[PDB]
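Inspection log for the structure reproduced underneath, given as C-alpha cells.
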Amino acid sequence: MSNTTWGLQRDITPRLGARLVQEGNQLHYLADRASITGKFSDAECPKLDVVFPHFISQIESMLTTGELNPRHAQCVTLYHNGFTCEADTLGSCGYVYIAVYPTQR
C-alpha cells in the first residue's frame, strides 16, 4: 500500500501499472509517471528497454487496427518474446489502463 500511486490504487501481485492518456493519434508516455519494482541488472536493463517499444508499437495500432470504440470492457492477453502484457479499455471513454508483469520462471 502507498499514500500516493500513479496508476490504479492496487498493491496486489500486479503492483506495477502504466495508465496512458489519450491525445491526438498518439499516446503520451511520461517516465516520471510510473513506479519501479524489484531490480534489473545491467544485462537485463538494456535487453528489457529495447523490448518496451515492441509492446508499445502494438498498442498505438490496437486503437486503430483493433478499432477503438468506447462500448464495453474487453480483456486481451498478448504474448511475444516469452513476455506477456495485459491490456483492457474497461469500457472507459478516451482511457486505456495497461500493466506489465514479466514471467518469473
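All Cβ positions, even for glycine, are placed from backbone atoms using ideal geometry, and neighbour counts span all protein chains on display. Throughout, read-outs are computed from the coordinates displayed, never taken from laboratory work.
Does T13 satisfy the condition of being surrounded by fewer than 10 Cβ atoms within 10 Å (Cβ to Cβ), out of contact with any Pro (no Cβ under 7 Å at 6 or more places or on another chain) and not in a helix (DSSP H, G or I)? For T13, the condition - surrounded by fewer than 10 Cβ atoms within 10 Å (Cβ to Cβ), out of contact with any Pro (no Cβ under 7 Å at 6 or more places or on another chain) and not in a helix (DSSP H, G or I) - is met. Set side by side, the residues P53, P70 differ, and just one is in contact (Cβ under 8 Å) with a residue 24 or more places away in the chain and either of a type in the set (A, V, I, L, M) or under 20 Å from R19 (Cα atoms) (or both), which is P70.
In region 87-105, which residues are touching a residue at least 24 places away in the same chain (Cβ under 8 Å) and part of a strand (DSSP E or B)? Answer for region 87-105, where residues must be touching a residue at least 24 places away in the same chain (Cβ under 8 Å) and part of a strand (DSSP E or B): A87, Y95, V96, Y97, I98, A99, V100.
Looking across region 55-73 at every residue that is of a type outside the set (D, E, K, R) and within 12 Å of the chain's Cα centre (by Cα), the one that is surrounded by the fewest Cβ atoms within 10 Å (Cβ to Cβ) is identified as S57.
If only residues of region 77-86 that are in contact with a helix residue (DSSP H, G or I) (Cβ under 7 Å, 6 or more places away or on another chain) and outside any loop (DSSP other than H, G, I, E, B) are counted, the one that is farthest from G17 (Cα to Cα) is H80. Considering only residues in region 16-47 that are more than 14 Å from the chain's Cα centre (by Cα) and not in a loop (DSSP other than H, G, I, E, B), the one that is nearest to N81 (Cα to Cα) turns out to be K47. In this structure, is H72 farther than 19 Å from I36 by Cα and touching a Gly at 6+ places or on another chain (Cβ under 6 Å)? It is true that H72 is farther than 19 Å from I36 by Cα and touching a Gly at 6+ places or on another chain (Cβ under 6 Å).
Among the residues making up region 74-105, those that are exposed (fewer than 11 other Cβ atoms within 10 Å of the Cβ), under 22 Å from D11 (Cα atoms) and either in contact with a strand residue (DSSP E or B) (Cβ under 8 Å, 6 or more places away or on another chain) or among the acidic types (D, E) (or both) are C75, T77, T103. Of all residues in region 42-52, at least one satisfies being touching a strand residue (DSSP E or B) at 6+ places or on another chain (Cβ under 8 Å), of a type in the set (A, V, I, L, M) and within 23 Å of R15 (Cβ to Cβ).
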